[PDB]
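# Coordinates in review
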Amino acid sequence: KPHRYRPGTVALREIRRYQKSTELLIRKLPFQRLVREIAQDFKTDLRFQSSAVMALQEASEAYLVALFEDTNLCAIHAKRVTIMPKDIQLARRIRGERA
Amino acid sequence: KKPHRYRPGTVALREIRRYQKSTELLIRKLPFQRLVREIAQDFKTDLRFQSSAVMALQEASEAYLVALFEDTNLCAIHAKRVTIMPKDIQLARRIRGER
Amino acid sequence: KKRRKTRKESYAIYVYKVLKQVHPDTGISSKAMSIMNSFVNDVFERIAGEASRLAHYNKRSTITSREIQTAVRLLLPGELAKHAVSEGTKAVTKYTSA
Amino acid sequence: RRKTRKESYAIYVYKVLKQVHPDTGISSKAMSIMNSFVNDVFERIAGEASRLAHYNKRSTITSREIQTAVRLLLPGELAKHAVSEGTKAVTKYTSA
Amino acid sequence: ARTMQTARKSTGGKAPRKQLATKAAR
Amino acid sequence: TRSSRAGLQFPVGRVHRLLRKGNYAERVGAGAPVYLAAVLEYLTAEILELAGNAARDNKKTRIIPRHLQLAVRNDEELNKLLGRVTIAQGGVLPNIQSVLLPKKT
Amino acid sequence: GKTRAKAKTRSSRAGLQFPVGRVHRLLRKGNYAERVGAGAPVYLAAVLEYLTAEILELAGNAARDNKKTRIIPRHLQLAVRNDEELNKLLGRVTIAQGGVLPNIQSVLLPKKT
Amino acid sequence: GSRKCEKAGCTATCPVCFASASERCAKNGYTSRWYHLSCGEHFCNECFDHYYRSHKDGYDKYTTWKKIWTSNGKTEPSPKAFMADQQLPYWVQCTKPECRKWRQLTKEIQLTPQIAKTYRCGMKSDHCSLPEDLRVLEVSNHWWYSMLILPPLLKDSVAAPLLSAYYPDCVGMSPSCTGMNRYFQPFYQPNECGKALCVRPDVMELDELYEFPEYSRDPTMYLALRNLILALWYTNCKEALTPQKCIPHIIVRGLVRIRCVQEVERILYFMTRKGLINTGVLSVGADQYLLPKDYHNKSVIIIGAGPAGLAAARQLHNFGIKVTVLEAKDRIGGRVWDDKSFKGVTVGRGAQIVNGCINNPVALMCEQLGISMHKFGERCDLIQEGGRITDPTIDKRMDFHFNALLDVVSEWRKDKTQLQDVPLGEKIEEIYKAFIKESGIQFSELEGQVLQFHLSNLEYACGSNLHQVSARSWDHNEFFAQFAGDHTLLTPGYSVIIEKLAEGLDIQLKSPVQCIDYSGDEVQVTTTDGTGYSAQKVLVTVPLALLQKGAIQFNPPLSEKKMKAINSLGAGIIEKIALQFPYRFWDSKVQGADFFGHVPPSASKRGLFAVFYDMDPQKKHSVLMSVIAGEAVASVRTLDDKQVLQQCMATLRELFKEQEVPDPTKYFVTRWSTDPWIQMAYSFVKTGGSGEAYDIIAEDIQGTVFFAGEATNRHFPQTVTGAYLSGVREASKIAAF
Amino acid sequence: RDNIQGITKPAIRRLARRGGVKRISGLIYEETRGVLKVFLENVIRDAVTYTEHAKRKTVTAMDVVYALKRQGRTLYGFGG
Amino acid sequence: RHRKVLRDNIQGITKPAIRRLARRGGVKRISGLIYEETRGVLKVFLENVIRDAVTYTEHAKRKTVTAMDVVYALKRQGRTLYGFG
Amino acid sequence: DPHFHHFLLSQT
DNA sequence: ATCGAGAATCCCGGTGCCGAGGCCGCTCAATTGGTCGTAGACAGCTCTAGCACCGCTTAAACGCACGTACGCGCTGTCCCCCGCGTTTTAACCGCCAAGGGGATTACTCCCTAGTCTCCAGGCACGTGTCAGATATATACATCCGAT
DNA sequence: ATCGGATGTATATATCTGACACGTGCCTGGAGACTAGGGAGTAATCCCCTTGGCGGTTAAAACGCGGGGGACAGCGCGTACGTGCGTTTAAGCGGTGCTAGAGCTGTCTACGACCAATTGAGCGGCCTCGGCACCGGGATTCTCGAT
Ligand SMILES: Cc1cc2nc3c(=O)[nH]c(=O)nc-3n(C[C@H](O)[C@H](O)[C@H](O)COP(=O)(O)OP(=O)(O)OC[C@H]3O[C@@H](n4cnc5c(N)ncnc54)[C@H](O)[C@@H]3O)c2cc1C
Ligand SMILES: [Zn+2]
Ligand SMILES: [Zn+2]
Ligand SMILES: [Zn+2]
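We now turn to the structure provided with this report.

### Comments concerning the overall build of chain I
Counting secondary structure elements, chain I contains three helices and three strands. With respect to the three principal axes, the spread of C-alpha positions in chain I is 45 × 30 × 15 Å. On chain I, roughly 3,200 Å² of surface is accessible, and the fraction owed to carbon and sulfur atoms is 48%.

### Points about the coordination of the zinc ion (ligand 4)
Residue and element names in this part refer to chain H. Distances from the zinc ion (ligand 4) to its protein donors, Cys-94 (SG), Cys-99 (SG), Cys-121 (SG) and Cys-128 (SG), fall at 2.3 to 2.5 Å. Because the angles between the four donor atoms bound to the zinc ion (ligand 4) fall within 102 to 114°, the donor set is best described as tetrahedral. Taken as a pair, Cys-94 in the loop between β3 (91–93) and β4 (102–104) and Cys-121 in the loop between α4 (113–118) and α5 (135–138) lie far apart in primary sequence, 27 residues in all. Since its relative accessible area comes to 9%, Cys-121 is described here as buried.

### Examining helix α3 (residues 65–74) of chain F
Taking burial as the measure, the ten residues of α3(F) include seven buried ones, the bulk of the element. Residues of α3(F) that are buried make contact with α1 (10–21) of chain B, α2 (28–53) of chain D together with α2 (32–56) and α4 (76–81) of chain F.

### As for the side chain of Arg259(H)
Turning to its location among the elements, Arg259(H) is positioned in helix α10 (residues 256–274). Residue class for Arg259(H) comes out buried when judged on its relative accessible area of 13%.

### Examining the interface of chain D and chain F
Between chain D and chain F, the contact holds 54 residues from the first and 53 residues from the second. Between chain D and chain F lies a buried interface of about 4,900 Å² when both sides are counted; carbon and sulfur atoms form 73% of it. Where chain D packs against chain F, one counts one salt bridge. The partner of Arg17(F) in a salt bridge is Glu7(D), and the shortest N-O contact between them spans 3.4 Å. Across the chain D-chain F interface, the total number found is twelve residue pairs in polar contact. Those elements giving two or more residues to the side of chain D that touches chain F turn out to be α1 (10–20), α2, β1 (60–61), α3 (63–73) and α4 (77–94) of chain D. Examining the composition of the side of chain D that touches chain F, we find that 15 residues originate from one element, α2(D), more than from any other. Split by residue class, the side of chain D that touches chain F holds 28 nonpolar, 17 polar and nine charged. Pairing analysis gives two bridges linking β1(D) to strand β1 (residues 27–28) of chain F, with the strands arranged parallel.

### Some details on the nonpolar core
All names here are of chain H. Ranked by size, the top nonpolar core spans 115 residues in total, and within it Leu-424, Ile-428, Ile-516, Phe-554, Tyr-613, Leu-652 and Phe-656 carry the most contacts. No other element matches helix α15 (residues 445–462), which puts nine residues into this core. Once residues lying within four places of it in the same chain are set aside, the contact partners of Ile-516 are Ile-303, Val-523, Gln-524, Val-538, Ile-552, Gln-553, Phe-554 and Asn-555. Core analysis: the second largest hydrophobic core is formed by 113 residues, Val-252, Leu-290, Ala-305 and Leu-310 among them.

### Describing the packing of helix α2 (residues 20–28) of chain G against helix α3 (residues 40–64) of chain G
Describing two packed helices takes the angle between their axes plus the distance from one axis to the other. Residues and elements named next belong to chain G. The geometry of α2 relative to α3 is characterised by a closest axis approach of 9 Å and an angle of 110° between their N-to-C directions. By the angle between their directions, the pair α2 and α3 is classed as roughly perpendicular. The handedness of the crossing between α2 and α3 comes out as right-handed. For the pair α2 and α3, contact is made by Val-20, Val-23 and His-24 and by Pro-41, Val-42 and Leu-44, respectively. Within the contact of α2 with α3, the residues separate by chemical class into five nonpolar, one polar and no charged.

### A look at the protein's contact with DNA strand M
Around DNA strand M, the surrounding shell holds 77 residues, and the nearest of these are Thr9(A), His4(B), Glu9(C), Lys23(E) and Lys396(H). Close to the protein, within 4 Å, the atoms of DNA strand M belong to sugar or phosphate groups at a rate of 99%. Contacts to DNA strand M include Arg5(B), whose side-chain N or O atom sits 3.3 Å from a base oxygen. In this structure, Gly13(F) approaches DNA strand M through a main-chain N or O atom, which is 3.5 Å from a phosphate oxygen. Of all the elements in the fold, those that place two or more residues in the surface near DNA strand M are α1 and α2 (29–40) of chain B, α1 (12–22) of chain C, α1 (12–20) of chain F, β1 (35–36) of chain G, β1 (23–24) of chain I together with α1 (15–24) of chain J. Looking at which element gives the most residues to the surface near DNA strand M, the answer is α2(B), with four residues. Here the residues of the surface near DNA strand M are counted per class, giving 18 nonpolar, 23 polar and 36 charged.

### Observations concerning the coordination of the zinc ion (ligand 3)
All names here are of chain H. Donor atoms from the polypeptide that bind the zinc ion (ligand 3) are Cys-5 (SG), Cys-10 (SG), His-36 (ND1) and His-42 (NE2), placed at 2.2 to 2.5 Å. Between the four donor atoms coordinating the zinc ion (ligand 3), the angles at the centre fall across 101 to 117°, so the site counts as tetrahedral. Mapped onto the sequence, the residues coordinating the zinc ion (ligand 3) show the spacing C-x4-C-x25-H-x5-H. Take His-36 and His-42: they sit in the same class, and that class is buried.

### Remarks on the protein's contact with DNA strand L
Around DNA strand L there are 85 residues in total, and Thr10(B), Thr6(C), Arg7(C), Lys3(D) and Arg10(G) lie nearest to it. Here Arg60(C) contributes a side-chain N or O atom positioned 3.3 Å from a phosphate oxygen of DNA strand L. With respect to DNA strand L, the side chain of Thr62(C) contributes an N or O atom lying 3.1 Å from a phosphate oxygen. Within the surface near DNA strand L, the residues separate by chemical class into 20 nonpolar, 21 polar and 44 charged.

### Quick notes on the sheet that holds strand β10 (residues 374–375) of chain H
All names here are of chain H. Judged by pairing direction, the sheet is antiparallel, and its three strands sit side by side in the order β9-β12-β10 without closing on themselves. Lying at the two open borders of the sheet, with one neighbouring strand each, are β9 (353–355) and β10. As defined by bridge partners, β10 adjoins strand β12 (residues 487–489) across two bridges and the pair is classed as antiparallel. Among the inter-strand pairings, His-374 is bridged to a residue of β12, identified as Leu-489.

### Quick notes on the sheet that holds strand β5 (residues 299–303) of chain H
All names here are of chain H. Ordered in space as β13-β6-β5-β17-β26, the five strands form an open sheet in which the pairing is parallel. Each edge of the open sheet carries a strand with a single partner, namely β13 (507–508) and β26 (705–707). Strand contacts of helix α11 (residues 307–319): β5, β6 (322–326), β13 and β17 (537–540), with the helix running at about 160° to β5, the strand carrying the most contacts.

### Details of helix α4 (residues 85–95) of chain A
Among the residues making up α4(A), those that are buried are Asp87(A), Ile88(A), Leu90(A), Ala91(A), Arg92(A) and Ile94(A). On its buried face, α4(A) is in contact with α3 (50–76) and β1 (82–83) of chain A, α3 (51–77) and α4 (86–95) of chain B together with α2 (34–59) of chain J. Note on α4(A): the residue one or two positions beyond its end, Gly96(A), has a positive phi of about 130°.

### As for the site of ligand 1
Residue and element names in this part refer to chain H. As a matter of local geometry, ligand 1 sits amid 35 residues, with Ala-308, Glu-327, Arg-335, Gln-718 and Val-720 nearest to it. In this structure, an oxygen atom belonging to ligand 1 sits 3.3 Å away from a main-chain N or O atom of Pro-307. Protein chains shield 99% of the accessible area of ligand 1, which is 980 Å² for the free molecule. For the shell around ligand 1, the secondary-structure elements that each account for two or more residues are α11 and α23 (720–736). Counted by class, the shell around ligand 1 contains 20 nonpolar, ten polar and five charged residues.

### Describing the packing of aromatic side chains
Applying the stated criterion across every chain, the model contains 43 aromatic pairs over all chains. A centroid spacing of 6.3 Å and a plane angle of 50° characterise the contact between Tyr55(D) and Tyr56(J), whose relative ring orientation is tilted. One end of the pair, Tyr55(D), is in the loop between α2 and β1; the other, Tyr56(J), is in helix α2, on a second chain. With a centroid separation of 6.2 Å and an interplanar angle of 80°, the aromatic rings of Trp337(H) and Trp672(H) are classed as edge-to-face. Of this pair, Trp337(H) sits in the loop between β6 and β7 (338–339) while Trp672(H) sits in the loop between β24 (666–669) and β25 (682–685); the two residues are 335 residues apart in sequence, bridging distant segments of the chain. Looking at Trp337(H), the relative accessible area reads 36%, which means it is partly exposed. Relative accessible area serves as the criterion here: at 6%, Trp672(H) is assigned to the buried category. Members of the aromatic cluster, each reached through a chain of ring pairs, are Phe581(H), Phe585(H), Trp586(H), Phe596(H), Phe609(H), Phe612(H) and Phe656(H).

### Topic: the pattern of salt bridges
All names here are of chain H. What the rule picks out here adds up to 70 salt bridges over all chains. Between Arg-266 and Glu-263 there is a salt bridge, with the nearest N and O atoms lying 2.9 Å from each other. Highlighted residues: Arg-266 and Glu-263, both in helix α10, separated by three residues, approximately one helical turn. What makes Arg-266 partly exposed here is its relative accessible area of 35%. Since its relative accessible area comes to 7%, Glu-263 is described here as buried. Sharing partners across several salt bridges, the network here consists of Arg-584, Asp-587, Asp-594, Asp-614 and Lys-619.

Rules and cut-offs
- Residues numbered from 1 in each chain as written, not as in the entry; some residues may be left out.
- Chains lettered and ligands numbered in written order.
- Heavy atoms only, no water.
- Helix = DSSP H or I, 4+ residues; strand = E, 2+ residues; numbered from the N terminus.
- Areas by Shrake-Rupley, 256 points an atom, 1.4 Å probe, with all protein chains shown as cover.
- Donors = N, O, S within 2.8 Å, 3.2 Å for Na, K, Ca; no water.
- Tetrahedral: all angles 85-135°; square planar, octahedral: opposite > 155°, others 65-115°.
- Buried < 20%, exposed > 50% of the residue type's maximum accessible area, 1.4 Å probe, protein only.
- Contact = heavy atoms within 4.5 Å.
- Buried area = accessible area lost by both parts, 1.4 Å probe.
- Salt bridge = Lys/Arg side-chain N within 4 Å of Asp/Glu carboxyl O.
- Polar contact = N/O pair within 3.5 Å; in protein donor to acceptor, adjacent residues only side chain to side chain.
- Nonpolar A, V, L, I, M, F, W, Y, C, P; charged D, E, K, R; others polar.
- Pairing = 2+ DSSP bridges.
- Core = buried A, V, L, I, M, F, W, Y, C linked by side-chain atoms within 4.5 Å.
- Axes fitted to C-alpha atoms, helices over the stretch in contact; angles between N-to-C directions.
- Parallel < 35°, antiparallel > 145°, perpendicular 65-115°, else oblique.
- Left-handed = near helix turned anticlockwise from the far one by under 90°.
- Near = heavy atom within 4 Å.
- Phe/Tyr/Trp six-rings, centres within 6.5 Å; stacked < 30°, edge-to-face > 60°.

Geometry only, nothing functional implied.
Listed below in structure tokens is the structure:
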């Protein structure tokens, strides 16, 4: 008798897990290739220490995570429970991100 | 003959053209001055102020309040509302990190 | 393998000592020790810089303990300022009594 | 007895105003705003020179550190023309 | 009337439910 | 006039004093106040230029701080350099959100 | 003709456990003032000892209260973010391997009976 | 300063300050401004500033109160509000009978109910001889209230704990303040679905605005007093609630308390007349009458001594009104008739179930009597002949379909008028056939038989075969808020309530009314044996069937409009059988359920004992009860009791096929259908009919002839409760005259 | 008396008009006086801290331009 | 090489990876165009951070970016990050 | 809204 | 309305293993002890600029009526995104190779603090206009009914 | 959907008046010409730590497929706040007075750099085992589909 819990049990339970855990999410080699690719524009043929790639990973996840905190408060303040891109644009504008 | 009146919003929008257009200082100087002195009595007593310092706190008051209505107004417009409400003030204060 | 390295510094044995003072039988991990190390450096340049421009405003050229008392009363929020000033005066006077 | 003083940039700001739109004056509040503006940028760039010299185990602020620190503060286009005028003034200085 | 039923009450055919929305409410 | 030794109009010696007497390094090289003076003359120059055209648009001859307000806030880069700085007697640019514009037939 | 005269160092002299000499050297060697006074890093080492003791104290309380015997940086995350004033001193500071203290908005919690 | 008051039209020729809070209080002298609370109460500008100004000593006390008043109320915390709520002296009335002077208490004294209950002048010479403060009389001038700035807000109202969901100041209580029968829920809670006999705490009902128009502008004072009165009644429903009992519970500062005390009596009598309080089986005797002597001069003849007649008689009697009840039979009760001869159990031949106990008059009366009811459980297995309990999935499948049929009926009727009405049964049938046609689905014979059970259950509810009942109007009454909560078995029987209502009333048995003549100065009533009665007013509560038969001669005759309504309703019928056994043979299979269902072998037989009721909730005695409904009522009219018993026993032996069933040792079979003065069980709406019929039948004639009974209650038809309430309704109408 | 209330309801209206706010709800003014009160409490506290350190009884304007600079709200037009 | 082509230049932050970061942030339901904008915002942030970091690596005339480089350049943008120096 | 009214207080 | 699969989550138990903690040499930065110009507490004046006070006009603030439009709750209707099996597929991991570039230590040397005097650049200080606010009268631009 | 009061707003013209651009004087900080120790460019090397490749497994990513609930447009109904007019009312002004304290300048002095010998103290190398993972098994709890 297959029966999925619902739209929200995987969500809220998985929010409890991925808030509860500590480790770094987005994978090492695609992120590393990303930083090298953006790095090629300002200067050719760079080199990275590995821990610096972990550092850009950590600040990048913390900045995105804080952005989803705030855009979540944005869309909840519209009596919605779903992030939509104009909410992202709002928090980037409200915070001051929007140049 | 007796109507003449205007819509609720013509005096508002023309008033936005005037008070965005002008620049002068527009909270009255003696109630503001007494306000700064009465807030100032708590930390230390029997004070003395230069006048231009009271002008300077008047500038910080207008800059911080006015910018807070900028972000509060974008908050309430992002709710498909054209009227700000105190929860929007609370939202922009949490987004700027003022708690 | 067999060659001189490069003298280095830290705060880690001091943070370990205050850990022995507060909860004496309790461990600490290594990256947390480097967190506290960078914390102590961060606060240290905060009140050091506040002492710099706070001493620059009054046309002085000397950092004394009154300046550090003011600058701690600028960065430390409130209740955190007061016990910092009580421990500070206790350490100035407790130093000076010798 | 007279009284002390205290310098400004107001004659110099007045001179650059005479370079750009020469028959067009300036009011005093805007003069003091320009004054504290150039003190603000002066302390940002000198401060960044301090934080940048304080990393490379060096205790000397030459012009190259000001080049890097300008290439960190000013965004983009005016960083390019700013640094290009800086090379114009170093090279225009020393070639004399 | 339906209201006479105790055992095995019928449920179908009921009009929509109305809900008092007073302002005196905290 | 080391400005004339470099072709500028900023005080190399006064700025040089202010680099030596703020405790930044222990010692300050030769070419540096020439460099920083050149940068500040550039920034000063275009900010007064945009206050120049945006002063002529108010048909005046004296630049008041309103002209420095919108003269900064109109360009992107000068705004991004000064985005945390209030200007006294500045006011705002005429920003109006488009939903407030009264529409009709 | 002697430079002994009981060696009382500096740290003890004040009754602390922070390096007065190392902090003192770090105040003289960052160009903060041309002169640096007599008892300034005594005062400043006192302030930093209080702050260190506060954060390590709350990570100790949270360290028992999440059933370990060793402070990890996660306990520094929710140790710092639970006091108000320590959070206000460190509100612009990310700490690595910290994660997020568990916050759930009220509309996300289920609308059960 | 001045000696004059701010308020325009204030008759205070010498303002004095009641506060004396400021060391600078003006007392009876000059002040920059006198602030007005009422015509007799003012405070000087100094004491005003004492609280209002930040640099004054009373500012703390005013800001703290201003905070509580914020986390708790919806009115603005003004200094005048603070004054009326916090500083105004209390007033209390001397309880010495020959004094009754109102006295101001000193400003430090906090009035309590105990103080008010026993207070006499001087309670800290003849203190009672000291003249009453002249300000007291002023309060009873209609314009006095008009010049009150703010409405009274009661403190520690008995109603408070029942209203924690409302802003206290929206229901007449003060924001700065702070084991009942679970069936007493007199006040609607915010965001509640409708339920019967509920009032809004924050809004006046239509009849209330009618009686007290002076409160339409500001109902605050009324609501507080009405809410308090109801709370007090439900707190103790075993005693008459009097003004004396209420007064001590009215706690509010200022002269306004005098106005509140003066109003409570008016509201109390209105509540009593309408039947909201001081009702049920409460009995009151000579020199205890519940309404002033002003209502007493009048007389009434009540025809019928069932729940409706006895309700009205009880009410009118308690009111002090002269009442005589004429009953046709040799017993009171009507369709309430209990058999007490069964071993250890009471079995109703008529009504015995209470449908929705919350706010039900019956639940109140059980409270008054110290009677416990049994709440029915939900389980009711559908047992087949012979033995098989119906599969849970089959059960759920057919319940769903049955109710789906009702949904589409309710959809079909939306645009139909009475002139296009079709029988519910026929409509259901058609919709059913047209569904099997549409969707190829085909139900088993059993599935069809289970559907028949549900149909039978509708017929039981209406007291009629479904081809007689209106598709448009069968459930008309649910347009109105119905009685929520438990359905119960009245184990002691309705007769206990009946007895209690009738006790001590003037009731004439074996006196069938035949003629009612209301053409002269007063009503002439004549019985079948020619005995004459007369009174100013007459109430008829005879069953619908008897009105339809025209057993009473009316002069002048009932209107054609009334006759059409009378005939548009059906005299519904069911019969009951009760059976006593040597032992509880059903316990194994039934497992403690209050009842069990009987799946019909065929549509024709569906109403023949569809449900069996275990008549001992203690599971000790062995009495079963069952019902005969729909078509089966007819099939039984020529059968004697023994034959009906035989068919019931045959049915039981089928339902319990795989076991033995003992012989019954005692039984009854009811014949309500042929009881001459009753001839029915309960009304329903016949095809072509409207719920409005109940209202039309209910309509008095020339304020002289009144009607009550279950068939006159549109909100609550059919039931003892409904009949009871129709009597209370008519008693109120009659007493108003 | 009532220094805070001295911030008039039309003044908060006027600052909203400069901000580009069309319509203002009911309890905006209470919270507006509260927010202005908090901001002036922090700025005045830091300015007093800047003024007791020079041991001077008089607060100047350079005091509070410094105090506004340190909170990341720099304000030109009064020096420094 | 067995497949493993570019397919996605700056799209490494897979759709479930942005889901995992959002669910660390406490986000229940994510719309459709969120992912492309999220790649854009992350791209802008990294462009500024390593534009500023590469200048620190260029000033020492060194060809290898270190950890102190990016922690210092994060500090300057007001996003200070401990745990590396 | 007739639905909710108290039965004994809507007899007009 | 209230009760069972059953699946995720939490509670002990041996294992391992390795990173946390500790111990032994050991360079060097703290330490101690004198000097020394000097920054700065400290006293005293001064005068000036902040605070206090009083009367007059009045722009601005306050307060009452009023109406409509803005907020907001219900209703339906669609679809986009959540959830879960199925494939694949590329990330992770171990190890092996090569060297380019970071860190080190030394070498040499130009260069920027440091001194003393010399003078004009800017900066304090009168000064008198031409740019702008302020009426002041005057013809457009758009709002708002009423048609 | 057009037309007209009307009405707030843009357009010359004087007019005083004063804030700014400017001329006089001065004095001290910019500068100019030396020296000197040291910070740093510059070479070369050590090696290590970043990059690269390659194979083996596979957790994660991709993708297809239900399906339902969440966004959102309509829509009715209340209320609250914008608009405008009479009342007040204290803010601005504008002068007048008084002296407390910023600021200046001088006095005298206790205190931080300069060296410079002396040493244990924190730090790196190098062990070593116990706490956290970590399967591994097992009872609890919560959810979700039933009554
Ligand atoms: C078998 C059965 C089961 C029921 N089940 C329930 C139930 O479970 N729950 C429930 O609430 N209700 C039930 N009812 C219905 C309930 O009993 C009635 O609704 C209620 O009794 C009707 O009240 P009444 O006062 O209007 O009339 P009645 O009870 O009918 O009494 C009317 C009185 O009028 C008298 N009368 C008639 N004609 C004359 C005359 N000419 N002169 C003088 N007197 C006259 C009659 O004798 C009788 O005394 C049931 C009824 C029956 C018969
Ligand atoms: Zn008084
Ligand atoms: Zn009065
Ligand atoms: Zn008495």
